[PDB]
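Trainee: Structure incoming, see below.
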Amino acid sequence: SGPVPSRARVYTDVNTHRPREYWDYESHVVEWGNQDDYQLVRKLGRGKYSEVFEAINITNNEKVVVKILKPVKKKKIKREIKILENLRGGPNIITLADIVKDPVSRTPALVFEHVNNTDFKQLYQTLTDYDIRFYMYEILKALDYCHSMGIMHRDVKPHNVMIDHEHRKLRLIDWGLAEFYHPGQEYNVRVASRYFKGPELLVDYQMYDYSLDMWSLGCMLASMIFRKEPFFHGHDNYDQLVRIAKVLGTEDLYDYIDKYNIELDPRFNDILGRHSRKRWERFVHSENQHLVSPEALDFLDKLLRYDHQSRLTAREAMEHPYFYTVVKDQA
Ligand SMILES: CC(=O)Nc1cc(Nc2cc(NC3CC3)n3ncc(C#N)c3n2)ccc1[C@@H]1C[C@H]1CN
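Using the entry's author numbering, you'd call the opening residue of the sequence shown number 2 and step up by one each time.
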């Protein structure tokens with residue numbers, strides 16, 4: 002027996018109803034700007050797949066962000082470009098301003114709208130209970146949008162969320178791991194940061210959907226209200242599921258494995274053990290209690306579920322009591 006198939010509970014056939022060129026990124030023809038419009042100012046960071054810089058558009062004197070891509074598969078470049086162009090104009094989704102290439106090196110560079118970010122390891126410790134609900138609602142606007150457009154981000158983590166706190170401005174950035182959702186498709190489970198990886202990734206369930214992003218958002222929320230970063234702190238991908246099972250318990254995990262007929266890796270048998278489902282109160286203390294409320298805990302519970310089909314959708318999450326104040330203040 003193989004694993005039981007799964008379909009997204011919402012926006013299942015959005016790409017099926019779209020013309021193939023919408024999602025067939027392999028056949029996308031890139032539109033190139035002029036590299037001489039941009040001059041690099043200073044370096045911002047590095048990664049495995051790129052080096053990013055702050056730049057100046059010399060034609061309008063506007064501040065931009067340049068992501069000079071390291072050598073990767075051209076279809077992976079087309080995927081990011083295609084996804085960025087499809088989500089252009091969407092709420093709290095970074096804007097791809099231009100796509101340029103060096104004429105000598107032949108290296109592609111992605112040009113982004115600039116967000117005057119306040120580093121998450123300095124910002125978060127200053128954030129109030131209202132700040133957390135406000136920004137969580139802003140990421141949810143961006144997730145419901147990309148999900149309604151047939152796209153799963155697959156890398157939701159604090160580093161990929163740009164916040165200009167002065168102007169209460171939020172942008173969900175780095176769409177290099179994003180994919181298009183197609184019913185029946187089996188995806189790569191070696192996506193996302195260890196700490197933000199959903200149970201589906203860790204057990205090797207390949208037929209996942211947008212609900213992957215909801216798990217990641219749940220990990221992010223728990224790190225914020227509890228002031229514990231990272232919240233699930235595994236030493237590897239195997240220990241990452243053990244750290245989760247020590248909070249959610251192994252009963253719901255084995256019931257999840259059962260439901261979908263998941264062949265669990267034998268390495269897991271001896272490390273998972275037997276753990277009870279813990280109450281959220283054991284992460285509450287004098288230094289975080291001002292951020293923890295019964296609403297926050299209820300919302301968090303409804304996101305962090307093994308069974309991807311039982312987690313809240315981004316639209317269901319926006320309707321939760323935790324955001325009543327934010328929703329009211331938005332009128
Ligand atoms: C361009 C990308 O997605 N990556 C990436 C981005 C940044 N930093 C910033 C900073 C800012 N504003 C701060 C105040 C200067 N803004 N504003 C908009 C964007 C975008 N898009 C952006 N990115 C750093 C490092 C990387 C490394 C490649 C990743 C490896 N994890």
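Here a beta-carbon is modelled for each residue, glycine too, at the ideal position from N, C-alpha and C.
If you draw a straight line from the alpha carbon of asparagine 58 to that of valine 101, how long is it in whole angstroms?
Mentor: Counting from one through the sequence shown, the residue named residue 58 turns up at place 57. Counting from one through the sequence shown, the residue named residue 101 turns up at place 100. Approximately 12 Å, taken between the alpha carbons.
Trainee: Where does the unbroken alpha helix (DSSP H) through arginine 278 begin, and where does it stop?
Mentor: Numbered from 1 along the sequence shown, position 277 holds the residue referred to as residue 278. Counting along the chain, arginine 278 falls outside any alpha helix (DSSP H), and DSSP gives it neither H nor E.
Trainee: Pull up the distance between the alpha-carbon of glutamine 290 and that of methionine 225, whole angstroms please.
Mentor: Your numbering for residue 290 matches position 289 in the sequence shown. Your numbering for residue 225 matches position 224 in the sequence shown. Spanning the two alpha carbons is a distance of roughly 11 Å.
Trainee: What do you get for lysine 68, buried or exposed, if any count of 16 or more other CB atoms within 10 angstroms of its CB means buried?
Mentor: Taking the first residue of the sequence shown as 1, we reach residue 68 at position 67. That one is buried.
Trainee: Compute the Euclidean distance between the alpha carbons of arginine 195 and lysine 49, then round it to the nearest angstrom.
Mentor: By 1-based counting over the sequence shown, the position of residue 195 is 194. By 1-based counting over the sequence shown, the position of residue 49 is 48. In a straight line, the C-alpha of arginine 195 is about 16 Å away from that of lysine 49.
Trainee: CA-CA distance, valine 157 and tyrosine 211?
Mentor: For this step, residue 157 is matched to residue 156 along the sequence shown. For this step, residue 211 is matched to residue 210 along the sequence shown. Taking the straight line from one Cα to the other gives about 11 Å.
Trainee: For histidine 183, tell me which candidate among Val11, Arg10 and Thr17 has the shortest Cα-Cα distance.
Mentor: Start at 1 with the first residue of the sequence shown, and residue 183 comes out as number 182. Out of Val11, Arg10 and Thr17, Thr17 has the C-alpha closest to the C-alpha of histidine 183.
Trainee: Could you tell me how far apart the beta carbons of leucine 88 and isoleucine 82 are, in whole angstroms, since I believe they sit closer than 8 Å?
Mentor: In the sequence shown, counting from the first residue as 1, residue 88 sits at position 87. In the sequence shown, counting from the first residue as 1, residue 82 sits at position 81. Their Cβ separation, rounded to whole angstroms, is 11 Å, which puts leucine 88 and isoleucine 82 out of contact at 8 Å.
Trainee: If we call anything under 9 Å between Cβ atoms a contact, is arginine 228 one with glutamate 282?
Mentor: For the purposes of this step, residue 228 is taken as the residue at position 227 of the sequence shown. For the purposes of this step, residue 282 is taken as the residue at position 281 of the sequence shown. No. Outside cutoff.
Trainee: Can you give the Cα-Cα distance for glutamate 264 and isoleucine 258, rounded to whole angstroms?
Mentor: By 1-based counting over the sequence shown, the position of residue 264 is 263. By 1-based counting over the sequence shown, the position of residue 258 is 257. In a straight line, the C-alpha of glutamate 264 is about 8 Å away from that of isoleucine 258.
Trainee: Near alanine 318, which residues of its chain fall below 6 Å by C-beta distance, leaving aside the five closest residues on each side in sequence?
Mentor: Looking up residue 318 in the sequence shown gives position 317. Excluding positions up to five away in sequence, the list reads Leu141.
Trainee: Is the beta carbon of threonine 251 less than 9 Å from the beta carbon of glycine 219?
Mentor: The sequence position of residue 251 within the sequence shown is 250, counting from 1. The sequence position of residue 219 within the sequence shown is 218, counting from 1. Their beta carbons are not under 9 Å apart, which means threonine 251 does not touch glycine 219 by this criterion.
Trainee: Would the beta-carbon of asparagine 289 be found less than 8 Å away from any heavy atom of ligand 1?
Mentor: Against the sequence shown, residue 289 aligns to sequence position 288. Checking the Cβ of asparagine 289 against ligand 1 gives no.
Trainee: Please determine, among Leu124, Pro322 and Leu173, the residue with the shortest C-alpha to C-alpha distance to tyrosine 146.
Mentor: Within the sequence shown, numbered from 1, the residue matching residue 146 stands at position 145. Cα-wise, what sits closest to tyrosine 146 is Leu173.
Trainee: The beta strand (DSSP E) with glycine 46 in it runs from where to where?
Mentor: Position 45 of the sequence shown holds residue 46. Taken as a continuous stretch (DSSP letters only), the beta strand (DSSP E) holding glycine 46 covers 39 to 47.
Trainee: Assign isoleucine 164 to one of three DSSP states: helix, strand, or coil.
Mentor: As a working note, residue 164 is residue 163 in the sequence shown. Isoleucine 164: strand per DSSP, three-state reduction.
Trainee: Say yes only if the C-beta of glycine 48 is nearer than 8 Å to one or more non-hydrogen atoms of ligand 1, and no if none qualify.
Mentor: On the sequence shown, position 47 is the one that residue 48 refers to. Flag set: Cβ of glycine 48 near ligand 1.
Trainee: State the start and end residues of the unbroken alpha helix (DSSP H) segment that holds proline 267.
Mentor: Taking the sequence shown and counting its residues from 1, one reaches residue 267 at position 266. That run of the alpha helix (DSSP H) goes 267 to 273.
Trainee: Whose CA, out of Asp308, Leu313 and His286, lies closest to the CA of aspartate 299?
Mentor: One-based indexing of the sequence shown puts residue 299 at position 298. The option with the nearest alpha carbon to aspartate 299 is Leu313.
Trainee: For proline 159, count neighbouring C-beta atoms within 10 Å of its own C-beta (all shown protein chains included) and say buried if the count is 16 or more, exposed if not.
Mentor: Residue mapping note: residue 159 aligns to position 158 of the sequence shown, counting from 1. Buried.
Trainee: Tell me which residues share the same chain as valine 293 and place their Cβ nearer than 6 Å to its Cβ, disregarding the 5 neighbours each side in the sequence.
Mentor: Residue 293 sits at position 292 when you count from the first residue of the sequence shown. Cβ neighbours of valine 293 beyond the five flanking positions: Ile226 and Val285.
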